[PDB]
Amino acid sequence: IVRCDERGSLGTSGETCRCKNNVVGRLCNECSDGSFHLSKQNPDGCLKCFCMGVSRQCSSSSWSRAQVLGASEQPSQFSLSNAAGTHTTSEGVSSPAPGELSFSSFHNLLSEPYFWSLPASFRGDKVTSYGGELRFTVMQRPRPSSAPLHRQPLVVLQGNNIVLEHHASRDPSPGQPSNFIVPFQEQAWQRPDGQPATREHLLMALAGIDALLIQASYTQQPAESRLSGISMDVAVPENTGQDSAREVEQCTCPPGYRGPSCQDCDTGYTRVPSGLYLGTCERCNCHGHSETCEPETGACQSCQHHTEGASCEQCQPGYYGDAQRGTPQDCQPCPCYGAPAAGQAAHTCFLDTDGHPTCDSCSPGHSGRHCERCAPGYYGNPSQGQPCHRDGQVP
């Protein structure tokens with residue numbers, strides 16, 4: 001007899017093992033090419049590596065599980081929002097105990113559903129939340145004649161131009177707290193039109209969470225809404241003593257990418273919108289004056305060689321030249337004599353169209369491109385330290 005692997009086998013001809021879709025080997029105990037994390041619960045045996053489309057090589061993260069807790073945020077950081085995020089308020093939100101929130105002022109809001117909008121520690125890059133859960137407790141009361149609402153999402157996840165919803169199996173009953181456990185697994189989420197979420201789309205949304213909304217209204221005319229015991233799974237590189245985040249892919253990324261799913265541009269690289277998944281990462285364009293830049297916007301950082309601008313494309317105040325040429329000596333200091341105009345502190349000058357500098361903050365009474373002479377009805381010689389005073393005055 002051959003003992004087929006319970007995790008990766010669909011069944012057995014007694015001497016042959018029949019494998020799940022993403023499983024290989026005699027005993028159906030190995031992940032296929034581009035797959036990882038064999039588990040009995042996965043009908044395919046193993047997850048497909050996604051890696052934001054830039055790699056097929058990955059295995060289970062060694063990062064440890066941890067939780068973002070509601071109680072670790074100030075009450076002021078929570079708010080209510082409509083689904084579209086066009087109508088939001090904190091007015092009326094209070095905390096009757098640590099990480100517990102309460103709202104009972106629906107009369108001030110429009111006739112539409114509202115959601116608790118989780119604050120920033122629950123958003124941003126949460127690819128590591130994949131395979132974990134969002135846990136929370138809700139309690140709600142409607143007004144006396146409130147029409148129930150049908151098929152409203154319990155949770156809405158918005159990120160990277162993707163919207164996904166989770167619907168509960170049961171609505172919370174009036175006046176009594178319901179515990180929910182929402183898995184970050186594609187089977188538990190749908191698009192707004194009720195089409196199933198894909199792994200790819202869930203991961204893309206998780207990688208750049210813009211909003212994570214929990215239903216606060218429930219009925220057409222709510223009286224009271226409460227939220228507590230909020231816990232969101234993540235993973236961290238530090239050892240926590242919890243289980244490792246095996247459902248989280250750790251990709252081998254190509255040059256230019258980092259993060260477990262290759263979801264971030266690496267040092268020296270920045271996002272190009274090139275339109276598959278999140279886009280690509282290409283080298284910073286800093287005209288040779290920096291090798292570092294904002295990963296998502298491209299804005300160069302710590303421009304060298306007395307340059308500045310989003311692509312280090314300009315010489316700083318007090319210098320001149322063509323910073324786009326790309327050399328360390330693009331920008332030379334301004335050869336301007338005397339004190340600046342408008343009692344200002346630095347001289348400015350620019351590279352004129354003849355290839356030579358022209359000073360454009362000379363003092364009154366100063367003439368010439370270097371502020372080097374004095375103007376008619378003025379006297380002095382700035383090239384020899386002397387300033388310009390008007391004829392007739394002292395000395």
# chains A, B, ... in the order shown; residues from 1 in each chain; ligands from 1

$ select_by_dssp --residues "range 144-294 of chain A" --states "strand (DSSP E or B)" --output "NGL selection string"
:A and (148 or 155-159 or 162-166 or 178-183 or 190 or 196 or 209-215 or 219 or 222-236 or 244 or 249-251 or 257-258 or 264-265 or 269-272 or 280-283 or 293)

$ write_last_selection --atoms "C-alpha atoms" --output "CSV table (one decimal), in the first residue's frame"
chain,number,residue,atom,x,y,z
A,148,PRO,CA,-34.0,46.5,7.3
A,155,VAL,CA,-16.5,44.9,5.5
A,156,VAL,CA,-15.3,46.9,2.5
A,157,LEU,CA,-11.6,46.8,1.5
A,158,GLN,CA,-10.5,49.5,-0.9
A,159,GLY,CA,-6.9,49.6,-2.3
A,162,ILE,CA,-9.9,47.6,-6.3
A,163,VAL,CA,-13.0,47.3,-4.1
A,164,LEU,CA,-13.9,44.0,-2.3
A,165,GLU,CA,-16.7,43.2,0.1
A,166,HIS,CA,-17.2,40.6,2.7
A,178,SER,CA,-21.9,39.9,17.5
A,179,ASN,CA,-18.3,38.6,17.1
A,180,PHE,CA,-17.1,38.4,13.5
A,181,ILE,CA,-14.1,36.7,12.1
A,182,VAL,CA,-13.4,37.8,8.5
A,183,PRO,CA,-10.6,35.8,6.8
A,190,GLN,CA,-16.5,39.4,-3.7
A,196,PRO,CA,-15.7,36.1,-6.6
A,209,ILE,CA,-5.2,49.7,1.6
A,210,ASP,CA,-6.8,53.1,1.2
A,211,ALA,CA,-9.8,52.3,3.4
A,212,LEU,CA,-11.0,49.4,5.5
A,213,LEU,CA,-14.7,49.9,6.4
A,214,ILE,CA,-16.8,48.0,8.9
A,215,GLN,CA,-20.7,48.3,8.6
A,219,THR,CA,-30.7,49.2,9.0
A,222,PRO,CA,-30.1,53.2,12.8
A,223,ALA,CA,-30.3,54.4,16.4
A,224,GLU,CA,-27.0,53.2,17.9
A,225,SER,CA,-23.8,51.5,16.7
A,226,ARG,CA,-20.9,50.1,18.7
A,227,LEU,CA,-17.5,48.6,17.6
A,228,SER,CA,-15.0,46.8,19.9
A,229,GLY,CA,-12.4,44.0,20.2
A,230,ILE,CA,-10.8,44.9,16.8
A,231,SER,CA,-7.9,42.7,15.8
A,232,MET,CA,-6.2,42.5,12.4
A,233,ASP,CA,-3.6,39.8,11.7
A,234,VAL,CA,-0.3,40.8,10.1
A,235,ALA,CA,3.2,39.3,9.9
A,236,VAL,CA,6.5,40.8,11.1
A,244,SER,CA,4.7,31.7,11.1
A,249,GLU,CA,4.2,34.4,0.0
A,250,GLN,CA,7.9,35.4,0.2
A,251,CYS,CA,8.9,35.9,-3.4
A,257,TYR,CA,11.6,45.2,-6.3
A,258,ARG,CA,11.2,44.3,-2.6
A,264,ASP,CA,7.4,47.8,-3.4
A,265,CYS,CA,10.1,49.4,-5.5
A,269,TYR,CA,13.9,52.4,-8.1
A,270,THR,CA,10.5,54.0,-8.6
A,271,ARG,CA,7.0,53.0,-9.9
A,272,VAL,CA,6.2,53.2,-13.6
A,280,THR,CA,7.0,48.1,-12.8
A,281,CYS,CA,9.9,49.6,-11.0
A,282,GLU,CA,12.6,51.4,-13.0
A,283,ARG,CA,15.7,53.3,-12.0
A,293,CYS,CA,14.0,58.7,-4.8

$ atom_distance --atom1 "CA of residue 303 in chain A" --atom2 "CA of residue 289 in chain A"
5.4 Å

$ atom_distance --atom1 "CA of residue 337 in chain A" --atom2 "CA of residue 305 in chain A"
22.6 Å

$ atom_distance --atom1 "CA of residue 357 in chain A" --atom2 "CA of residue 333 in chain A"
9.6 Å

$ residues_around --residues "residue 324 in chain A" --least-positions-apart "4" --cutoff "8 Å" --atoms "only C-alpha atoms" --output "MDAnalysis selection string"
chainID A and resid 287 312:314 330

$ residues_around --residues "residue 355 in chain A" --least-positions-apart "6" --cutoff "12 Å" --atoms "only C-alpha atoms" --output "ChimeraX atom specification"
/A:320-322

$ closest_residue --among "A:114, A:169, A:198, A:218" --to "residue 143 in chain A" --atoms "only C-alpha atoms"
A:218

$ residues_around --residues "residue 300 in chain A" --least-positions-apart "4" --cutoff "9 Å" --atoms "only C-alpha atoms" --output "list in words"
residues 284, 285, 286, 289, 290, 291, 292, 293, 294, 308, 309, 310, 311 and 312 of chain A

$ residues_around --residues "residue 129 in chain A" --least-positions-apart "4" --cutoff "10 Å" --atoms "only C-alpha atoms" --output "compact mmCIF listing (two decimals) with N, CA and C atoms, in the first residue's frame"
# COMPACT_ATOMS: atom_id res chain seq x y z
N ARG A 65 3.34 35.74 12.99
CA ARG A 65 2.04 36.38 13.16
C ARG A 65 2.09 37.37 14.34
N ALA A 66 1.36 38.47 14.16
CA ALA A 66 1.10 39.49 15.16
C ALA A 66 -0.24 40.14 14.81
N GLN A 67 -0.77 40.98 15.72
CA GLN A 67 -2.07 41.62 15.54
C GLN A 67 -1.97 43.13 15.76
N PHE A 122 -4.26 50.17 10.33
CA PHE A 122 -4.97 49.05 9.70
C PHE A 122 -4.84 49.11 8.17
N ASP A 125 0.33 48.95 3.53
CA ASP A 125 0.80 47.68 3.02
C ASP A 125 0.51 46.57 4.02
N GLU A 133 -6.88 37.00 9.75
CA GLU A 133 -8.27 37.39 9.96
C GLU A 133 -8.34 38.85 10.42
N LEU A 134 -9.48 39.49 10.10
CA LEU A 134 -9.96 40.68 10.78
C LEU A 134 -11.07 40.27 11.72
N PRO A 183 -11.84 36.25 7.30
CA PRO A 183 -10.56 35.82 6.77
C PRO A 183 -10.13 36.66 5.56
N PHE A 184 -8.85 36.97 5.51
CA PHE A 184 -8.25 37.50 4.29
C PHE A 184 -7.81 36.34 3.40
N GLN A 185 -8.83 35.76 2.77
CA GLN A 185 -8.75 34.65 1.84
C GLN A 185 -9.79 34.94 0.76
N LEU A 203 -4.74 40.41 -3.05
CA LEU A 203 -3.38 40.80 -2.66
C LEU A 203 -3.10 42.23 -3.12
N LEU A 206 -4.85 44.59 -0.63
CA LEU A 206 -4.16 44.53 0.65
C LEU A 206 -2.82 45.26 0.62
N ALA A 207 -2.18 45.33 -0.55
CA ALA A 207 -0.85 45.91 -0.65
C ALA A 207 -0.89 47.43 -0.53
N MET A 232 -6.54 42.80 13.81
CA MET A 232 -6.20 42.47 12.45
C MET A 232 -4.84 41.75 12.45
N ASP A 233 -4.83 40.52 11.89
CA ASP A 233 -3.60 39.78 11.71
C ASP A 233 -2.72 40.46 10.66
N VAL A 234 -1.41 40.46 10.98
CA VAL A 234 -0.34 40.83 10.07
C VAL A 234 0.81 39.84 10.26
N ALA A 235 1.94 40.11 9.62
CA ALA A 235 3.16 39.35 9.93
C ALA A 235 4.32 40.29 10.04
N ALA A 245 3.67 32.95 9.29
CA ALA A 245 2.67 33.32 8.35
C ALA A 245 2.88 32.54 7.06
N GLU A 247 0.86 31.28 4.88
CA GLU A 247 -0.01 31.62 3.75
C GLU A 247 0.49 32.87 3.01
N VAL A 248 1.47 33.54 3.62
CA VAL A 248 2.03 34.75 3.06
C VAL A 248 3.19 34.32 2.17

$ residues_around --residues "range 388-394 of chain A" --least-positions-apart "2" --cutoff "9 Å" --atoms "only C-alpha atoms" --output "number ranges by chain"
A: 338, 363-366, 373-382, 386

$ write_last_selection --atoms "N, CA, C and O atoms" --output "compact mmCIF listing (two decimals), in the first residue's frame"
# COMPACT_ATOMS: atom_id res chain seq x y z
N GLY A 338 28.52 92.38 -3.74
CA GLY A 338 27.72 93.31 -2.97
C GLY A 338 26.62 92.59 -2.19
O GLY A 338 26.57 91.36 -2.13
N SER A 363 21.99 94.81 -5.88
CA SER A 363 21.42 95.87 -5.07
C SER A 363 21.13 97.06 -5.97
O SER A 363 21.72 97.19 -7.04
N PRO A 364 20.22 97.98 -5.58
CA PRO A 364 20.08 99.23 -6.32
C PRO A 364 21.40 99.98 -6.31
O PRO A 364 22.16 99.89 -5.35
N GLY A 365 21.72 100.63 -7.43
CA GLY A 365 23.01 101.30 -7.58
C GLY A 365 24.11 100.41 -8.16
O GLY A 365 25.06 100.94 -8.74
N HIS A 366 23.98 99.08 -8.00
CA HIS A 366 24.82 98.12 -8.70
C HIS A 366 24.33 97.89 -10.14
O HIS A 366 23.13 97.76 -10.35
N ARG A 373 29.74 96.93 -11.09
CA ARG A 373 29.91 98.36 -11.19
C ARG A 373 28.79 99.01 -10.38
O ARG A 373 27.96 98.31 -9.80
N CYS A 374 28.80 100.35 -10.32
CA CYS A 374 27.72 101.11 -9.72
C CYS A 374 27.02 101.91 -10.83
O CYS A 374 27.67 102.35 -11.78
N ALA A 375 25.69 102.08 -10.67
CA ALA A 375 24.82 102.69 -11.67
C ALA A 375 24.96 104.22 -11.66
O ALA A 375 25.31 104.78 -10.64
N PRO A 376 24.67 104.93 -12.78
CA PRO A 376 24.74 106.39 -12.83
C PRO A 376 23.92 107.08 -11.74
O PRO A 376 22.85 106.59 -11.37
N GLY A 377 24.46 108.21 -11.22
CA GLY A 377 24.01 108.80 -9.96
C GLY A 377 24.27 107.87 -8.76
O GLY A 377 23.50 107.89 -7.81
N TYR A 378 25.32 107.04 -8.85
CA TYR A 378 25.84 106.25 -7.74
C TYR A 378 27.37 106.16 -7.86
O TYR A 378 27.93 106.45 -8.92
N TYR A 379 28.03 105.77 -6.76
CA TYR A 379 29.49 105.84 -6.69
C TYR A 379 29.99 104.72 -5.79
O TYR A 379 29.31 104.33 -4.84
N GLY A 380 31.20 104.24 -6.10
CA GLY A 380 31.74 103.04 -5.47
C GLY A 380 32.36 102.11 -6.51
O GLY A 380 32.22 102.32 -7.71
N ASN A 381 33.05 101.07 -6.03
CA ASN A 381 33.67 100.07 -6.89
C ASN A 381 33.54 98.72 -6.19
O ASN A 381 34.37 98.39 -5.35
N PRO A 382 32.48 97.93 -6.47
CA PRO A 382 32.23 96.68 -5.75
C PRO A 382 33.30 95.61 -5.89
O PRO A 382 33.39 94.71 -5.05
N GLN A 386 34.33 98.18 -1.98
CA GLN A 386 33.56 99.40 -1.78
C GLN A 386 32.11 99.13 -2.20
O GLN A 386 31.90 98.45 -3.19
